[PDB]
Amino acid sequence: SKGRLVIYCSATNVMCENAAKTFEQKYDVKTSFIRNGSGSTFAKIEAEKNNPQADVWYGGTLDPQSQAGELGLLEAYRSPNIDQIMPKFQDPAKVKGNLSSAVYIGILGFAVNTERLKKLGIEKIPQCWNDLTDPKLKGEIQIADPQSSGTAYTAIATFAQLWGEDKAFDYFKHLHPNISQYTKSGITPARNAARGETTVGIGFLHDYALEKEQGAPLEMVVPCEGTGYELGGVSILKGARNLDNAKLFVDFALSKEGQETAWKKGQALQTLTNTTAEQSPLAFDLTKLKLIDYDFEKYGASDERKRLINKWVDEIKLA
């Protein structure tokens, strides 16, 4: 066993486990992970900043990792594999120097349980963000909570960029009566839509694509007004105990093999950032989508992330 590695993972358990096992088997490193939301994981790393408990932060959305970079929580390391990453996303965070790197892309949207829709007596599948404010969807939608979930923050930032911040919060307020719960995890609305516990889930479409691929009666929607996206992040923690192995993990996560195994074995259907990697047949093609130019440098920062989340809690979660 060539050393150890502790991962804070913010992707799904199945993806994290497959990455940790594939790394351990490829490189003989004793690898373990702890899984938590992108926002939850940031708070934990910030809290542990004097005596870091993990070596790398893998998966989840980029914005909290960018914020961690800004706050001095990360250790800069540019993997030679960055040369293979889509040039647009080679060094995308607020603070340059690859404190954080982009390992995948996820499209924000929603999906609809077409069988439950029918039971609600609704015949039209919603096609726009605006449709989700219709009163007939009372208690029939779920979205995550940005206090824990990177997905929820990606949505907030997407809406602020689309409509302007004030209209974004107006949207949250009109959406609110249709939300049955603000979920801790970004993926929970996908799971509950798949279950038919809810009719509409808002989140990253590859999660819905996997439920669909496994039989769920879901129709995925890229909303007609346009939408944003996540970059999945990988970052080394400042003070990492196993630095060398952390660098090796970053290499692997940015590698053709490390990215392909996410969809080949890890049941994770994000679009890959390594231009030499084979994409899943179910991965979204960004060139075909109505996407805003999501400003990672701007929203992966405290003056947006802490401000908007605290504002979201004040005006939406409370009143």
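Residue numbers run from 1 along the displayed sequence.
Practice item. Could you settle it for me: does 80 to 88 or 107 to 115 have the higher average Cα B factor in the PDB entry? Key: The deposited B-factors put 80 to 88 ahead on the C-alpha mean.
Exercise for review: Would you tell me which stretch averages the higher CA B-factor in the PDB entry, 6 to 14 or 20 to 28?
Suggested key: In the deposited entry, the stretch with the higher C-alpha B-factor mean is 20 to 28.
Review point. Looking at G228, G164, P189, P177, which has the biggest Cα B factor in the entry?
Key: Checking the PDB record, the top C-alpha B-factor among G228, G164, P189, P177 is at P177.
Review point. Which is it among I236, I202, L120, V221: the one with the largest CA B-factor in the entry?
Key: Each of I236, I202, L120, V221 was compared by C-alpha B-factor; the highest is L120.
Exercise for review: Could you look up the Cα B-factor of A43 in the entry and say which third of the chain it sits in: lowest, middle or highest?
Suggested key: Middle third - that is where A43 ends up once the chain's C-alpha B-factors are sorted.
Review point. Which third of the chain holds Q67 when residues are ordered by C-alpha B factor: lowest, middle or highest?
Key: Middle third by C-alpha B-factor.
Review point. When the modelled residues of the chain are sorted by Cα temperature factor, does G258 land in the lowest, middle or highest third?
Key: Within its chain, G258 is a middle-third residue by C-alpha B-factor, going by the deposited values.
Exercise for review: Could you say whether, by C-alpha temperature factor, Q279 belongs to the lowest, middle or highest third of its chain?
Suggested key: Middle third of the chain for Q279's C-alpha B-factor.
Point to revise | Chain-relative CA temperature factor third for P135 | key: CA B-factor rank for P135: highest third.
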